[PDB]
Amino acid sequence: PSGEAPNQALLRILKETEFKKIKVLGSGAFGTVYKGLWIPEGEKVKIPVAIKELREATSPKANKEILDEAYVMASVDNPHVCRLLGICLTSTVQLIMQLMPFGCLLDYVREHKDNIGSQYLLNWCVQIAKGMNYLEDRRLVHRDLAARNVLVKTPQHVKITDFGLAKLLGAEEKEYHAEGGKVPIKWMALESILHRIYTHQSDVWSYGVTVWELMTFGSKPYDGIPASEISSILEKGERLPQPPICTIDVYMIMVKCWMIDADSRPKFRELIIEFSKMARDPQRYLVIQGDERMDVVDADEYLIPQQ
Ligand SMILES: *CCC(=O)Nc1cc(-n2c(=O)ccc3cnc4ccc(-c5cn[nH]c5)cc4c32)ccc1C
């Protein structure tokens, strides 16, 4: 049948003795994530990594959901999307991921805005868009996109994460239709909210929202607003306000994402190019005051195999 190449993504399973969890960066009701060093058996190289230990799965269906989340995470191989290093099937499943010290992107902008250069913002937007498109190329829908779900290895480099929501697409199907689950409203495209329908075009809407957050240095969208309204207002046609920084050229794009009709909103591939175009000259596009002024362990990416 289809000529598509076999996907040889390899899922490594790890003994607990293989890694240790030094401190815990974050604790989640869904899961706990630990700062940890994973040392592969054999090679005396320590890879700093982050471990997520998820809550026990009460039901098999939950069990399946993890496997898929793992399945994709292992599968993806791009710079701006973080691959899953390995899994160990302990009673409480533990997922091993590359460790990004700076942490949540949303968190970073909030704490580094003053030092937060305009040029960086254009680049991140490029980087994020670059990642999502790859996801689009894989027929993968990232159900949840937010600043929160983007992690910074460094200010220079950022990659996507937190895919549990994300679902793969049957070739026949253009769109993926959800069943009721906890969802954060502000990011979701109306089509998703009203009809529990997701498509990459759905993702873009959220992606645009992420940019808004970047532009605003983490200001929370629809701040102080109930989830329920959100369906109503957009139907209303209200949209997130322009970033003070943004040139209409930029804020304009973000608006385009929020267009009610999915097809009308820009395809991701487009976004990378356009933003990249801005990136060559951020200064014209983004107006930031004082803009001009603005040991024994090997990292995994270095770790990754070379011909
Ligand atoms: C915006 C909310 C957020 O970022 N939470 C969060 C941050 C985490 N975190 C951190 O707080 C400090 C350092 C740090 C370094 N590397 C990572 C790597 C991966 C994650 C992560 C979180 N969720 N999925 C992956 C976090 C990291 C760091 C850690 C967890 C959370 C939830």
# chains A, B, ... in the order shown; residues from 1 in each chain; ligands from 1

call {"tool": "residues_near_ligand", "arguments": {"ligand": "ligand 1", "cutoff": "8 Å", "atoms": "only C-alpha atoms and all ligand atoms", "output": "mmCIF file with C-alpha atoms, in the first residue's frame"}}
result
data_model
loop_
_atom_site.group_PDB
_atom_site.id
_atom_site.type_symbol
_atom_site.label_atom_id
_atom_site.label_comp_id
_atom_site.auth_asym_id
_atom_site.auth_seq_id
_atom_site.Cartn_x
_atom_site.Cartn_y
_atom_site.Cartn_z
ATOM 1 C CA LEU A 25 11.831 20.748 39.856
ATOM 2 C CA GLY A 26 8.080 20.351 39.773
ATOM 3 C CA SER A 27 5.246 18.465 41.375
ATOM 4 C CA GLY A 28 2.024 17.790 39.520
ATOM 5 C CA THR A 32 5.955 14.724 39.394
ATOM 6 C CA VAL A 33 9.007 15.817 37.433
ATOM 7 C CA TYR A 34 12.519 15.472 38.818
ATOM 8 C CA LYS A 35 15.861 16.948 37.968
ATOM 9 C CA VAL A 49 17.841 14.924 32.214
ATOM 10 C CA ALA A 50 14.394 15.571 33.536
ATOM 11 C CA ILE A 51 12.203 12.740 34.701
ATOM 12 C CA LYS A 52 8.452 12.852 34.851
ATOM 13 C CA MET A 97 13.480 13.804 28.854
ATOM 14 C CA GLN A 98 16.299 16.143 28.024
ATOM 15 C CA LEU A 99 16.737 18.617 30.799
ATOM 16 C CA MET A 100 16.193 22.254 30.036
ATOM 17 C CA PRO A 101 17.539 24.375 32.853
ATOM 18 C CA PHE A 102 15.801 27.624 32.083
ATOM 19 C CA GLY A 103 12.467 25.896 32.139
ATOM 20 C CA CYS A 104 9.048 26.984 31.084
ATOM 21 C CA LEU A 105 9.348 29.534 28.372
ATOM 22 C CA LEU A 106 6.421 31.412 29.720
ATOM 23 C CA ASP A 107 8.236 31.546 32.988
ATOM 24 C CA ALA A 147 3.835 29.264 26.496
ATOM 25 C CA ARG A 148 3.692 26.930 29.424
ATOM 26 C CA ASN A 149 4.304 23.946 27.196
ATOM 27 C CA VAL A 150 7.447 25.339 25.628
ATOM 28 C CA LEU A 151 10.705 24.762 27.426
ATOM 29 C CA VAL A 152 13.951 26.581 26.979
ATOM 30 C CA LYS A 153 17.186 24.698 26.785
ATOM 31 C CA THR A 161 6.630 19.534 24.922
ATOM 32 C CA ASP A 162 3.760 18.229 27.023
#

call {"tool": "residues_around", "arguments": {"residues": "residue 114 of chain A", "least_positions_apart": "6", "cutoff": "12 Å", "atoms": "only C-alpha atoms", "output": "list in words"}}
result
residues 108, 216, 217, 288, 289, 290, 291, 292, 293 and 294 of chain A

call {"tool": "write_last_selection", "arguments": {"atoms": "N, CA, C and O atoms", "output": "PDB file, in the first residue's frame"}}
result
ATOM      1  N   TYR A 108      10.176  32.074  31.645  1.00  0.00           N
ATOM      2  CA  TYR A 108      11.385  32.815  31.342  1.00  0.00           C
ATOM      3  C   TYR A 108      11.142  34.246  30.933  1.00  0.00           C
ATOM      4  O   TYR A 108      11.826  35.140  31.384  1.00  0.00           O
ATOM      5  N   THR A 216       3.722  39.841  25.181  1.00  0.00           N
ATOM      6  CA  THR A 216       3.311  40.527  26.389  1.00  0.00           C
ATOM      7  C   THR A 216       4.121  40.132  27.600  1.00  0.00           C
ATOM      8  O   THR A 216       3.789  40.495  28.712  1.00  0.00           O
ATOM      9  N   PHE A 217       5.179  39.374  27.396  1.00  0.00           N
ATOM     10  CA  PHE A 217       5.985  38.974  28.523  1.00  0.00           C
ATOM     11  C   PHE A 217       5.180  38.209  29.542  1.00  0.00           C
ATOM     12  O   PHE A 217       5.288  38.441  30.732  1.00  0.00           O
ATOM     13  N   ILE A 288      10.699  47.763  21.259  1.00  0.00           N
ATOM     14  CA  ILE A 288      11.033  47.601  22.667  1.00  0.00           C
ATOM     15  C   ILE A 288      11.950  48.711  23.146  1.00  0.00           C
ATOM     16  O   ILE A 288      13.001  48.954  22.569  1.00  0.00           O
ATOM     17  N   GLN A 289      11.557  49.362  24.230  1.00  0.00           N
ATOM     18  CA  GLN A 289      12.305  50.486  24.735  1.00  0.00           C
ATOM     19  C   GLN A 289      13.675  49.993  25.115  1.00  0.00           C
ATOM     20  O   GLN A 289      13.811  48.939  25.711  1.00  0.00           O
ATOM     21  N   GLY A 290      14.696  50.763  24.776  1.00  0.00           N
ATOM     22  CA  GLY A 290      16.051  50.364  25.074  1.00  0.00           C
ATOM     23  C   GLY A 290      16.312  49.021  24.444  1.00  0.00           C
ATOM     24  O   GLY A 290      16.966  48.166  25.028  1.00  0.00           O
ATOM     25  N   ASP A 291      15.778  48.826  23.249  1.00  0.00           N
ATOM     26  CA  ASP A 291      15.961  47.565  22.553  1.00  0.00           C
ATOM     27  C   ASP A 291      17.416  47.300  22.211  1.00  0.00           C
ATOM     28  O   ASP A 291      17.901  46.185  22.356  1.00  0.00           O
ATOM     29  N   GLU A 292      18.115  48.328  21.761  1.00  0.00           N
ATOM     30  CA  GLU A 292      19.485  48.152  21.309  1.00  0.00           C
ATOM     31  C   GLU A 292      20.378  47.681  22.446  1.00  0.00           C
ATOM     32  O   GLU A 292      21.258  46.850  22.258  1.00  0.00           O
ATOM     33  N   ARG A 293      20.144  48.211  23.634  1.00  0.00           N
ATOM     34  CA  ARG A 293      20.963  47.846  24.771  1.00  0.00           C
ATOM     35  C   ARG A 293      20.827  46.363  25.024  1.00  0.00           C
ATOM     36  O   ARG A 293      21.801  45.685  25.330  1.00  0.00           O
ATOM     37  N   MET A 294      19.608  45.861  24.891  1.00  0.00           N
ATOM     38  CA  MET A 294      19.332  44.452  25.103  1.00  0.00           C
ATOM     39  C   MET A 294      20.049  43.618  24.062  1.00  0.00           C
ATOM     40  O   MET A 294      20.191  44.036  22.919  1.00  0.00           O
TER      41      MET A 294
END

call {"tool": "atom_distance", "arguments": {"atom1": "atom CA of residue 144 of chain A", "atom2": "atom CA of residue 4 of chain A"}}
result
27.0 Å

call {"tool": "select_by_dssp", "arguments": {"residues": "segment 118-265 of chain A", "states": "strand (DSSP E)", "output": "ChimeraX atom specification"}}
result
/A:140-141,150-152,158-160,167-168,176-177,197-198

call {"tool": "write_last_selection", "arguments": {"atoms": "N, CA, C and O atoms", "output": "PDB file, in the first residue's frame"}}
result
ATOM      1  N   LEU A 140       0.442  14.953  13.204  1.00  0.00           N
ATOM      2  CA  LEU A 140       0.311  14.967  14.633  1.00  0.00           C
ATOM      3  C   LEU A 140      -0.313  16.263  15.016  1.00  0.00           C
ATOM      4  O   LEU A 140       0.138  17.306  14.597  1.00  0.00           O
ATOM      5  N   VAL A 141      -1.336  16.213  15.842  1.00  0.00           N
ATOM      6  CA  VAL A 141      -1.940  17.432  16.302  1.00  0.00           C
ATOM      7  C   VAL A 141      -1.529  17.632  17.737  1.00  0.00           C
ATOM      8  O   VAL A 141      -1.743  16.768  18.564  1.00  0.00           O
ATOM      9  N   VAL A 150       6.201  25.163  26.347  1.00  0.00           N
ATOM     10  CA  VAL A 150       7.447  25.339  25.628  1.00  0.00           C
ATOM     11  C   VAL A 150       8.562  25.515  26.626  1.00  0.00           C
ATOM     12  O   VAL A 150       8.465  26.330  27.526  1.00  0.00           O
ATOM     13  N   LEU A 151       9.629  24.753  26.463  1.00  0.00           N
ATOM     14  CA  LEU A 151      10.705  24.762  27.426  1.00  0.00           C
ATOM     15  C   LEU A 151      11.951  25.276  26.771  1.00  0.00           C
ATOM     16  O   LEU A 151      12.168  25.060  25.595  1.00  0.00           O
ATOM     17  N   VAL A 152      12.763  25.985  27.534  1.00  0.00           N
ATOM     18  CA  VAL A 152      13.951  26.581  26.979  1.00  0.00           C
ATOM     19  C   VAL A 152      15.203  25.873  27.434  1.00  0.00           C
ATOM     20  O   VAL A 152      15.563  25.916  28.595  1.00  0.00           O
ATOM     21  N   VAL A 158      14.689  26.772  21.875  1.00  0.00           N
ATOM     22  CA  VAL A 158      13.510  26.303  22.585  1.00  0.00           C
ATOM     23  C   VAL A 158      12.796  25.208  21.819  1.00  0.00           C
ATOM     24  O   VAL A 158      12.770  25.226  20.599  1.00  0.00           O
ATOM     25  N   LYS A 159      12.192  24.270  22.536  1.00  0.00           N
ATOM     26  CA  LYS A 159      11.469  23.186  21.896  1.00  0.00           C
ATOM     27  C   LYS A 159      10.138  22.904  22.569  1.00  0.00           C
ATOM     28  O   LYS A 159       9.945  23.221  23.726  1.00  0.00           O
ATOM     29  N   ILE A 160       9.220  22.319  21.816  1.00  0.00           N
ATOM     30  CA  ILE A 160       7.893  21.971  22.300  1.00  0.00           C
ATOM     31  C   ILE A 160       7.855  20.746  23.197  1.00  0.00           C
ATOM     32  O   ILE A 160       8.791  19.964  23.232  1.00  0.00           O
ATOM     33  N   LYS A 167      -2.900  13.969  19.636  1.00  0.00           N
ATOM     34  CA  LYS A 167      -3.345  12.750  18.981  1.00  0.00           C
ATOM     35  C   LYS A 167      -3.011  12.691  17.495  1.00  0.00           C
ATOM     36  O   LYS A 167      -3.133  13.671  16.782  1.00  0.00           O
ATOM     37  N   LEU A 168      -2.594  11.514  17.049  1.00  0.00           N
ATOM     38  CA  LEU A 168      -2.234  11.245  15.666  1.00  0.00           C
ATOM     39  C   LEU A 168      -3.460  11.143  14.793  1.00  0.00           C
ATOM     40  O   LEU A 168      -4.544  10.865  15.279  1.00  0.00           O
ATOM     41  N   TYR A 176      -9.640  15.559  14.049  1.00  0.00           N
ATOM     42  CA  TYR A 176      -9.784  14.587  15.126  1.00  0.00           C
ATOM     43  C   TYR A 176     -10.830  15.051  16.119  1.00  0.00           C
ATOM     44  O   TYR A 176     -10.766  16.163  16.609  1.00  0.00           O
ATOM     45  N   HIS A 177     -11.795  14.192  16.417  1.00  0.00           N
ATOM     46  CA  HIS A 177     -12.925  14.584  17.242  1.00  0.00           C
ATOM     47  C   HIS A 177     -12.831  14.006  18.636  1.00  0.00           C
ATOM     48  O   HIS A 177     -12.814  12.800  18.819  1.00  0.00           O
ATOM     49  N   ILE A 197     -13.577  19.715  18.305  1.00  0.00           N
ATOM     50  CA  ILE A 197     -12.915  19.291  17.089  1.00  0.00           C
ATOM     51  C   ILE A 197     -11.542  19.911  17.000  1.00  0.00           C
ATOM     52  O   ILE A 197     -11.377  21.094  17.242  1.00  0.00           O
ATOM     53  N   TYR A 198     -10.551  19.107  16.660  1.00  0.00           N
ATOM     54  CA  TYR A 198      -9.196  19.598  16.574  1.00  0.00           C
ATOM     55  C   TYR A 198      -8.592  19.329  15.218  1.00  0.00           C
ATOM     56  O   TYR A 198      -8.811  18.286  14.623  1.00  0.00           O
TER      57      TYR A 198
END

call {"tool": "closest_residue", "arguments": {"among": "A:281, A:203, A:298, A:261", "to": "residue 37 of chain A", "atoms": "only C-alpha atoms"}}
result
A:298

call {"tool": "closest_residue", "arguments": {"among": "A:77, A:43, A:270, A:175", "to": "residue 133 of chain A", "atoms": "only C-alpha atoms"}}
result
A:270

call {"tool": "residues_around", "arguments": {"residues": "segment 266-268 of chain A", "least_positions_apart": "6", "cutoff": "8 Å", "atoms": "only C-alpha atoms", "output": "ChimeraX atom specification"}}
result
/A:129-130,132-133,201,204,256-257

call {"tool": "atom_distance", "arguments": {"atom1": "atom CA of residue 304 of chain A", "atom2": "atom CA of residue 146 of chain A"}}
result
27.4 Å

call {"tool": "select_by_dssp", "arguments": {"residues": "segment 100-188 of chain A", "states": "alpha helix (DSSP H)", "output": "ChimeraX atom specification"}}
result
/A:105-112,118-137

call {"tool": "closest_residue", "arguments": {"among": "A:20, A:12, A:265, A:110", "to": "residue 213 of chain A", "atoms": "only C-alpha atoms"}}
result
A:110

call {"tool": "closest_residue", "arguments": {"among": "A:228, A:219, A:78, A:210", "to": "residue 193 of chain A", "atoms": "only C-alpha atoms"}}
result
A:228

call {"tool": "closest_residue", "arguments": {"among": "A:9, A:62, A:246, A:296", "to": "residue 83 of chain A", "atoms": "only C-alpha atoms"}}
result
A:9

call {"tool": "closest_residue", "arguments": {"among": "A:172, A:122, A:180, A:31", "to": "residue 280 of chain A", "atoms": "only C-alpha atoms"}}
result
A:122

call {"tool": "atom_distance", "arguments": {"atom1": "atom CA of residue 61 of chain A", "atom2": "atom CA of residue 86 of chain A"}}
result
21.7 Å

call {"tool": "residues_around", "arguments": {"residues": "segment 63-73 of chain A", "least_positions_apart": "6", "cutoff": "6 Å", "atoms": "only C-alpha atoms", "output": "JSON, numbers by chain"}}
result
{"A": [57, 83, 84, 164]}

call {"tool": "write_last_selection", "arguments": {"atoms": "N, CA and C atoms", "output": "short mmCIF file (atom, residue, chain, number, x, y, z; two decimals), in the first residue's frame"}}
result
data_model
loop_
_atom_site.label_atom_id
_atom_site.label_comp_id
_atom_site.auth_asym_id
_atom_site.auth_seq_id
_atom_site.Cartn_x
_atom_site.Cartn_y
_atom_site.Cartn_z
N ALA A 57 -2.04 4.77 37.09
CA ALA A 57 -3.17 4.75 36.19
C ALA A 57 -4.24 3.88 36.79
N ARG A 83 12.60 15.27 21.98
CA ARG A 83 12.39 13.83 21.91
C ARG A 83 12.38 13.26 23.30
N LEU A 84 11.78 12.10 23.47
CA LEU A 84 11.79 11.44 24.75
C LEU A 84 13.01 10.56 24.79
N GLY A 164 0.60 15.21 26.06
CA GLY A 164 -0.23 14.12 26.49
C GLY A 164 -1.53 14.22 25.75
#

call {"tool": "residues_around", "arguments": {"residues": "residue 2 of chain A", "least_positions_apart": "3", "cutoff": "12 Å", "atoms": "only C-alpha atoms", "output": "list in words"}}
result
residues 5, 6 and 171 of chain A

call {"tool": "write_last_selection", "arguments": {"atoms": "N, CA and C atoms", "output": "PDB file, in the first residue's frame"}}
result
ATOM      1  N   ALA A   5       7.848   5.446   4.668  1.00  0.00           N
ATOM      2  CA  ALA A   5       8.988   4.765   5.242  1.00  0.00           C
ATOM      3  C   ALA A   5       8.684   4.306   6.647  1.00  0.00           C
ATOM      4  N   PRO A   6       9.306   3.210   7.043  1.00  0.00           N
ATOM      5  CA  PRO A   6       9.111   2.683   8.378  1.00  0.00           C
ATOM      6  C   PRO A   6       9.638   3.702   9.347  1.00  0.00           C
ATOM      7  N   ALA A 171      -5.108   8.605   8.215  1.00  0.00           N
ATOM      8  CA  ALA A 171      -4.780   9.261   6.967  1.00  0.00           C
ATOM      9  C   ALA A 171      -6.042   9.801   6.337  1.00  0.00           C
TER      10      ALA A 171
END

call {"tool": "residues_around", "arguments": {"residues": "residue 223 of chain A", "least_positions_apart": "4", "cutoff": "12 Å", "atoms": "only C-alpha atoms", "output": "PDB file with N, CA, C and O atoms, in the first residue's frame"}}
result
ATOM      1  N   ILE A 185      -9.382  26.517  28.283  1.00  0.00           N
ATOM      2  CA  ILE A 185     -10.128  27.210  27.230  1.00  0.00           C
ATOM      3  C   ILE A 185      -9.423  28.265  26.373  1.00  0.00           C
ATOM      4  O   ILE A 185      -9.655  28.348  25.172  1.00  0.00           O
ATOM      5  N   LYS A 186      -8.591  29.087  26.996  1.00  0.00           N
ATOM      6  CA  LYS A 186      -8.107  30.308  26.369  1.00  0.00           C
ATOM      7  C   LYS A 186      -7.318  30.036  25.107  1.00  0.00           C
ATOM      8  O   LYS A 186      -7.443  30.745  24.119  1.00  0.00           O
ATOM      9  N   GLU A 213       1.442  35.770  24.144  1.00  0.00           N
ATOM     10  CA  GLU A 213       2.033  35.704  25.452  1.00  0.00           C
ATOM     11  C   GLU A 213       3.465  36.133  25.376  1.00  0.00           C
ATOM     12  O   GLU A 213       3.950  36.829  26.240  1.00  0.00           O
ATOM     13  N   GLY A 218       4.369  37.285  29.053  1.00  0.00           N
ATOM     14  CA  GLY A 218       3.679  36.348  29.907  1.00  0.00           C
ATOM     15  C   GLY A 218       2.367  36.811  30.465  1.00  0.00           C
ATOM     16  O   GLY A 218       1.779  36.143  31.289  1.00  0.00           O
ATOM     17  N   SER A 219       1.880  37.943  30.005  1.00  0.00           N
ATOM     18  CA  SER A 219       0.647  38.426  30.553  1.00  0.00           C
ATOM     19  C   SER A 219      -0.323  37.323  30.266  1.00  0.00           C
ATOM     20  O   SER A 219      -0.239  36.695  29.236  1.00  0.00           O
ATOM     21  N   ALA A 227     -14.026  30.806  31.807  1.00  0.00           N
ATOM     22  CA  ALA A 227     -13.852  29.970  30.644  1.00  0.00           C
ATOM     23  C   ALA A 227     -15.107  29.993  29.794  1.00  0.00           C
ATOM     24  O   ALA A 227     -15.035  30.011  28.575  1.00  0.00           O
ATOM     25  N   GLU A 229     -17.356  32.190  29.096  1.00  0.00           N
ATOM     26  CA  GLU A 229     -17.577  33.352  28.249  1.00  0.00           C
ATOM     27  C   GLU A 229     -16.868  33.185  26.929  1.00  0.00           C
ATOM     28  O   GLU A 229     -17.356  33.601  25.884  1.00  0.00           O
ATOM     29  N   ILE A 230     -15.713  32.554  26.977  1.00  0.00           N
ATOM     30  CA  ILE A 230     -14.771  32.645  25.901  1.00  0.00           C
ATOM     31  C   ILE A 230     -15.450  32.193  24.642  1.00  0.00           C
ATOM     32  O   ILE A 230     -15.244  32.763  23.589  1.00  0.00           O
ATOM     33  N   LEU A 240      -7.857  39.127  21.657  1.00  0.00           N
ATOM     34  CA  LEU A 240      -6.848  39.618  22.565  1.00  0.00           C
ATOM     35  C   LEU A 240      -6.269  40.910  22.033  1.00  0.00           C
ATOM     36  O   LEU A 240      -6.057  41.071  20.841  1.00  0.00           O
ATOM     37  N   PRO A 241      -6.014  41.831  22.942  1.00  0.00           N
ATOM     38  CA  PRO A 241      -5.548  43.164  22.602  1.00  0.00           C
ATOM     39  C   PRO A 241      -4.132  43.155  22.088  1.00  0.00           C
ATOM     40  O   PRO A 241      -3.366  42.267  22.398  1.00  0.00           O
TER      41      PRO A 241
END

call {"tool": "decode", "arguments": {"residues": "segment 274-298 of chain A", "atoms": "N, CA, C and O atoms", "output": "PDB file, in the first residue's frame"}}
result
ATOM      1  N   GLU A 274       7.318  34.021   7.217  1.00  0.00           N
ATOM      2  CA  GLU A 274       6.993  35.414   7.429  1.00  0.00           C
ATOM      3  C   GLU A 274       7.697  35.953   8.644  1.00  0.00           C
ATOM      4  O   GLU A 274       8.283  37.021   8.610  1.00  0.00           O
ATOM      5  N   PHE A 275       7.662  35.186   9.717  1.00  0.00           N
ATOM      6  CA  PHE A 275       8.288  35.606  10.949  1.00  0.00           C
ATOM      7  C   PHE A 275       9.772  35.712  10.746  1.00  0.00           C
ATOM      8  O   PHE A 275      10.419  36.648  11.188  1.00  0.00           O
ATOM      9  N   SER A 276      10.306  34.759  10.018  1.00  0.00           N
ATOM     10  CA  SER A 276      11.721  34.719   9.811  1.00  0.00           C
ATOM     11  C   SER A 276      12.052  36.028   9.131  1.00  0.00           C
ATOM     12  O   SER A 276      13.053  36.659   9.428  1.00  0.00           O
ATOM     13  N   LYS A 277      11.167  36.463   8.244  1.00  0.00           N
ATOM     14  CA  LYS A 277      11.395  37.682   7.490  1.00  0.00           C
ATOM     15  C   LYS A 277      11.499  38.848   8.449  1.00  0.00           C
ATOM     16  O   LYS A 277      12.335  39.725   8.286  1.00  0.00           O
ATOM     17  N   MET A 278      10.646  38.848   9.460  1.00  0.00           N
ATOM     18  CA  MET A 278      10.702  39.858  10.494  1.00  0.00           C
ATOM     19  C   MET A 278      11.993  39.739  11.274  1.00  0.00           C
ATOM     20  O   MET A 278      12.599  40.728  11.657  1.00  0.00           O
ATOM     21  N   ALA A 279      12.411  38.508  11.501  1.00  0.00           N
ATOM     22  CA  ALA A 279      13.554  38.220  12.350  1.00  0.00           C
ATOM     23  C   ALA A 279      14.811  38.859  11.811  1.00  0.00           C
ATOM     24  O   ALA A 279      15.675  39.253  12.572  1.00  0.00           O
ATOM     25  N   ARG A 280      14.932  38.935  10.497  1.00  0.00           N
ATOM     26  CA  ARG A 280      16.092  39.572   9.912  1.00  0.00           C
ATOM     27  C   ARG A 280      16.138  41.021  10.373  1.00  0.00           C
ATOM     28  O   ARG A 280      17.208  41.539  10.670  1.00  0.00           O
ATOM     29  N   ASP A 281      14.985  41.677  10.442  1.00  0.00           N
ATOM     30  CA  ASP A 281      14.911  42.999  11.060  1.00  0.00           C
ATOM     31  C   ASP A 281      13.818  43.122  12.100  1.00  0.00           C
ATOM     32  O   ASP A 281      12.741  43.622  11.829  1.00  0.00           O
ATOM     33  N   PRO A 282      14.119  42.673  13.301  1.00  0.00           N
ATOM     34  CA  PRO A 282      13.188  42.723  14.413  1.00  0.00           C
ATOM     35  C   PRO A 282      12.850  44.147  14.725  1.00  0.00           C
ATOM     36  O   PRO A 282      11.732  44.470  15.092  1.00  0.00           O
ATOM     37  N   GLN A 283      13.837  45.008  14.585  1.00  0.00           N
ATOM     38  CA  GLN A 283      13.715  46.333  15.133  1.00  0.00           C
ATOM     39  C   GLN A 283      12.545  47.014  14.482  1.00  0.00           C
ATOM     40  O   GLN A 283      11.782  47.696  15.147  1.00  0.00           O
ATOM     41  N   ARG A 284      12.391  46.824  13.180  1.00  0.00           N
ATOM     42  CA  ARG A 284      11.311  47.498  12.478  1.00  0.00           C
ATOM     43  C   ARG A 284       9.967  47.010  12.966  1.00  0.00           C
ATOM     44  O   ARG A 284       9.039  47.781  13.146  1.00  0.00           O
ATOM     45  N   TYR A 285       9.883  45.708  13.180  1.00  0.00           N
ATOM     46  CA  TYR A 285       8.652  45.036  13.584  1.00  0.00           C
ATOM     47  C   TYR A 285       8.206  45.139  15.033  1.00  0.00           C
ATOM     48  O   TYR A 285       7.027  45.278  15.310  1.00  0.00           O
ATOM     49  N   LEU A 286       9.156  45.056  15.950  1.00  0.00           N
ATOM     50  CA  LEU A 286       8.858  45.090  17.364  1.00  0.00           C
ATOM     51  C   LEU A 286       9.507  46.292  18.009  1.00  0.00           C
ATOM     52  O   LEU A 286      10.698  46.518  17.843  1.00  0.00           O
ATOM     53  N   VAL A 287       8.732  47.037  18.776  1.00  0.00           N
ATOM     54  CA  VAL A 287       9.222  48.253  19.390  1.00  0.00           C
ATOM     55  C   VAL A 287       9.471  48.094  20.881  1.00  0.00           C
ATOM     56  O   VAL A 287       8.570  48.288  21.680  1.00  0.00           O
ATOM     57  N   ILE A 288      10.699  47.763  21.259  1.00  0.00           N
ATOM     58  CA  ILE A 288      11.033  47.601  22.667  1.00  0.00           C
ATOM     59  C   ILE A 288      11.950  48.711  23.146  1.00  0.00           C
ATOM     60  O   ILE A 288      13.001  48.954  22.569  1.00  0.00           O
ATOM     61  N   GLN A 289      11.557  49.362  24.230  1.00  0.00           N
ATOM     62  CA  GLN A 289      12.305  50.486  24.735  1.00  0.00           C
ATOM     63  C   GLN A 289      13.675  49.993  25.115  1.00  0.00           C
ATOM     64  O   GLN A 289      13.811  48.939  25.711  1.00  0.00           O
ATOM     65  N   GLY A 290      14.696  50.763  24.776  1.00  0.00           N
ATOM     66  CA  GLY A 290      16.051  50.364  25.074  1.00  0.00           C
ATOM     67  C   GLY A 290      16.312  49.021  24.444  1.00  0.00           C
ATOM     68  O   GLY A 290      16.966  48.166  25.028  1.00  0.00           O
ATOM     69  N   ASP A 291      15.778  48.826  23.249  1.00  0.00           N
ATOM     70  CA  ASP A 291      15.961  47.565  22.553  1.00  0.00           C
ATOM     71  C   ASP A 291      17.416  47.300  22.211  1.00  0.00           C
ATOM     72  O   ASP A 291      17.901  46.185  22.356  1.00  0.00           O
ATOM     73  N   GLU A 292      18.115  48.328  21.761  1.00  0.00           N
ATOM     74  CA  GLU A 292      19.485  48.152  21.309  1.00  0.00           C
ATOM     75  C   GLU A 292      20.378  47.681  22.446  1.00  0.00           C
ATOM     76  O   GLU A 292      21.258  46.850  22.258  1.00  0.00           O
ATOM     77  N   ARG A 293      20.144  48.211  23.634  1.00  0.00           N
ATOM     78  CA  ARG A 293      20.963  47.846  24.771  1.00  0.00           C
ATOM     79  C   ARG A 293      20.827  46.363  25.024  1.00  0.00           C
ATOM     80  O   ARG A 293      21.801  45.685  25.330  1.00  0.00           O
ATOM     81  N   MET A 294      19.608  45.861  24.891  1.00  0.00           N
ATOM     82  CA  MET A 294      19.332  44.452  25.103  1.00  0.00           C
ATOM     83  C   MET A 294      20.049  43.618  24.062  1.00  0.00           C
ATOM     84  O   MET A 294      20.191  44.036  22.919  1.00  0.00           O
ATOM     85  N   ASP A 295      30.024  19.492  34.991  1.00  0.00           N
ATOM     86  CA  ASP A 295      31.277  19.651  34.264  1.00  0.00           C
ATOM     87  C   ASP A 295      31.686  18.352  33.581  1.00  0.00           C
ATOM     88  O   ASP A 295      32.179  18.357  32.456  1.00  0.00           O
ATOM     89  N   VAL A 296      31.468  17.242  34.273  1.00  0.00           N
ATOM     90  CA  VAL A 296      31.838  15.929  33.767  1.00  0.00           C
ATOM     91  C   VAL A 296      30.686  15.259  33.025  1.00  0.00           C
ATOM     92  O   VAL A 296      30.789  14.110  32.601  1.00  0.00           O
ATOM     93  N   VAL A 297      29.583  15.987  32.882  1.00  0.00           N
ATOM     94  CA  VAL A 297      28.372  15.450  32.284  1.00  0.00           C
ATOM     95  C   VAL A 297      28.127  16.003  30.895  1.00  0.00           C
ATOM     96  O   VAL A 297      28.184  17.204  30.682  1.00  0.00           O
ATOM     97  N   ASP A 298      27.843  15.111  29.954  1.00  0.00           N
ATOM     98  CA  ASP A 298      27.571  15.504  28.581  1.00  0.00           C
ATOM     99  C   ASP A 298      26.081  15.652  28.298  1.00  0.00           C
ATOM    100  O   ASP A 298      25.289  14.790  28.646  1.00  0.00           O
TER     101      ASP A 298
END
